[PDB]
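Read top to bottom, the protein sequences are chains A and B. Here the first sequence stands for residues -6 to 45, 51 to 220, where the numbers follow the deposited numbering. For what it's worth, the deposited numbering labels the leading residue of the second sequence as -2, then goes sequentially. Written out below as structure tokens is the structure these notes cover.
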Amino acid sequence: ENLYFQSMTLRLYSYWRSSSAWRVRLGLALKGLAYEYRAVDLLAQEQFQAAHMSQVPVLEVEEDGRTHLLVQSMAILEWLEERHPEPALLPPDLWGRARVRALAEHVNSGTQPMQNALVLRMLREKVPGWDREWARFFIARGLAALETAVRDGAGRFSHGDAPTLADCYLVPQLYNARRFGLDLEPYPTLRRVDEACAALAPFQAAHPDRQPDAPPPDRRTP
Amino acid sequence: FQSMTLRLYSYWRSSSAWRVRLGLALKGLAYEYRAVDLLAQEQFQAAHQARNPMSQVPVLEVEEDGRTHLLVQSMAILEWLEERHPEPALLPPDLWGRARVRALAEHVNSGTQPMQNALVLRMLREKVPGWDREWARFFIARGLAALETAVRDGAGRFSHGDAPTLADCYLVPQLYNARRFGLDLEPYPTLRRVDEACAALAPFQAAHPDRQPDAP
Ligand SMILES: N[C@@H](CCC(=O)N[C@@H](CS)C(=O)NCC(=O)O)C(=O)O
Ligand SMILES: N[C@@H](CCC(=O)N[C@@H](CS)C(=O)NCC(=O)O)C(=O)O
């Protein structure tokens, strides 16, 4: 089990516009790792549960007649970094590692949970419309923290001049900001980093619109 | 050469800060305690759209070789402590166990605690008084139910095997918060058993809110 077996096969349980799954798709793409895409239709399950809980992301690792199910984006990405150290998405110096993990956690723990689908559904059940106002408030708060923290240490990307785990968390969170109609004018460093990332093939590959389960534009809910 | 010094910005009852106090205590690391008037800070944030920047607790200030580093986010700080000061280890040696322990930690870090952040609960309360209590209770119970299941599959004496890990550093403060909101903990017997094993250890006793300089 503890040998770095080379014939591990990877299967990602993903939903096209899950920001949490997207982070893992970015880790996989940036490390050049092939994987099988297992679609989990979270919209269908939401509508079904309302009329009458799949975990996303889950990275299934198969080996020697054994399956491991890895959960939590940050745990999954830390596993990818330990198992496949090149190209590194955490730097080798300890201060930089702490900085990158902090930028990731600002999103992971400080922003995304406040706008997850269960949270938003419970908000708009009690007070109609208020979920999108709430999402904009908490996303803006998270992005303001990131703009300040990123500007100190960013080169072309969130940390220096190559992609790191911090970018894996930033890019999907900016997409959600746009989804909820948040003005990104106040985050110039984040916008710059987003543009740099968007031009790279691995980011293009991981984007919601390129995923097997992506609906056409005219069949996407807000 | 200026050897490394540690200062923790903490509030006695902050679960986020407590996690870091546990990492420090478990590793036998001395640190300067710097108390933050969190209640005054939160009152100001509430009246001003939570604009006050770089003001989250915990912050671990580390000075070495004439340079100061301000480490934020409990999980990032704890991972730094594990890398900087490896013994005693708070992560297991094997890749699978490390991923399990990090997932357990993140269930609390990202999946339970943010739902009961004072700002979240304040915004709920401003809209619908009383909603904050219902919400905190719902989300903490939901988090602990999922955590009970996950911890049971792999716990020994502690959350992961027979030694404390980062998972226990997240579990123990979250259970204290559950009690604060009046939640029955009977439905989480594995979590309770682990909590009791941790409570008997000197480092857990030292990190507890009641032992902190700013405890009233
Ligand atoms: N912190 C998790 C977030 C994943 C996530 O948001 N998952 C959804 C379910 S698909 C969730 O937990 N929603 C809130 C809940 O169901 O309690 C990660 O990074 O993997
Ligand atoms: N995910 C963060 C959570 C930190 C947190 O929630 N801090 C709060 C409670 S101590 C805080 O500083 N509140 C005051 C403020 O936001 O100004 C961590 O793990 O460090």
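For each residue, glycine too, the CB sits at the ideal point set by N, CA and C.
The residue from B:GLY25, B:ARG64, B:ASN49, B:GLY158 with its alpha-carbon nearest to that of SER0 of chain B is B:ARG64. For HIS82 of chain A, there are no neighbours in chain B by C-beta distance under 7 Å, as the nearest C-beta there is about 11 Å away. Distances from the alpha-carbon of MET120 of chain A to those of A:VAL191, A:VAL98, A:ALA43 put A:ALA43 closest. By the 16-neighbour rule on beta-carbons within 10 angstroms, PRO170 of chain A is buried. Listed by position along chain A, the residues whose Cβ is nearer than 8 Å to that of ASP91 of chain B are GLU(-6), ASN(-5).
If you look at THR65 of chain A, you'll find it in the beta strand (DSSP E) that goes 64 to 69. One alpha carbon belongs to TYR185 of chain A, the other to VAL105 of chain A, and they sit about 15 Å apart.
Taking CB atoms only, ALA73 of chain A has a neighbour in chain B less than 7 Å away. According to the DSSP assignment, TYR8 of chain B belongs to no beta strand (DSSP E), since it is labelled neither H nor E. Selection B:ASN174, B:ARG190, B:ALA175, B:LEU141 evaluated against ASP159 of chain B yields B:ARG190 as nearest (Cα-Cα). For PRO85 of chain B, no chain A residue has a C-beta closer than 9 Å to its own C-beta; the minimum C-beta separation is roughly 18 Å. Judged by DSSP in its simplified three-state form, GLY158 of chain A adopts strand.
About 5 Å separates the Cβ atoms of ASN174 of chain B and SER12 of chain B, confirming a contact at the 8 Å cut-off. Around the C-beta of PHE(-2) of chain B, fewer than 16 other C-beta atoms lie within 10 Å, and the residue is accordingly described as exposed. A direct Cα-Cα distance of roughly 11 Å separates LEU3 of chain A from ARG18 of chain A.
Of the residues assessed, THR109 of chain A falls on the buried side of the cut-off, its CB having 16 or more other CB atoms within 10 angstroms. At least one heavy atom of ligand 2 lies closer than 6 Å to the C-beta of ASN114 of chain B. Note on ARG176 of chain B: under 16 other CB atoms within 10 angstroms of its CB, so exposed under the neighbour-count rule. A distance below 7 Å separates the beta carbons of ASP91 of chain B and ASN(-5) of chain A. Taking 7 Å as the cut-off, the beta carbon of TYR6 of chain A is found no closer than this to the beta carbon of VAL69 of chain A. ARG99 of chain B is a Cβ neighbour of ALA73 of chain A, given a cutoff of 7 Å. Among the bridge pairs identified by DSSP, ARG31 of chain A is matched with A:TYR6. Excluding its 5 nearest sequence neighbours in each direction, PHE155 of chain A has C-beta neighbours in its own chain below 8 Å: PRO161, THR162, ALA164, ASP165, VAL191, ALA194, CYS195, listed in chain order. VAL117 of chain A: member of the alpha helix (DSSP H) spanning 115 to 124, first to last residue. Following the DSSP letters along the chain, one finds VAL59 of chain A in no alpha helix (DSSP H) but inside the beta strand (DSSP E) bounded by residues 56 to 61.
Annotated three-state conformation of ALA197 of chain B is coil, per DSSP. Under DSSP, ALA152 of chain B shares a beta bridge with B:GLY158. Residue contact with chain B for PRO111 of chain A: present (Cβ-Cβ distance below 7 Å to some residue of chain B). Pairing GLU84 of chain A with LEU78 of chain A, the inter-Cα distance amounts to about 10 Å.
Where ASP165 of chain A is concerned, the enclosing alpha helix (DSSP H) starts and stops at 163 to 177. Contact of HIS66 of chain B with chain A is assigned, a C-beta pair being separated by under 7 Å. For the stretch 15 to 40 of chain B, the set of positions with a beta-carbon nearer than 8 Å to some beta-carbon of chain A is empty.
Within the same chain, and ignoring the five residues on either side of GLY153 of chain A in sequence, the residues whose Cβ sits closer than 7 Å to its Cβ are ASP159. For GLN70 of chain A, a Cβ of chain B is located within less than 7 Å of the residue's own Cβ. Separation of the CB atoms of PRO200 of chain B and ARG10 of chain B is rounded to 18 Å, and the pair is thereby denied contact status at 8 Å. Remark: the shortest separation between the CB of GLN53 of chain B and any heavy atom of ligand 2 falls under 6 Å.
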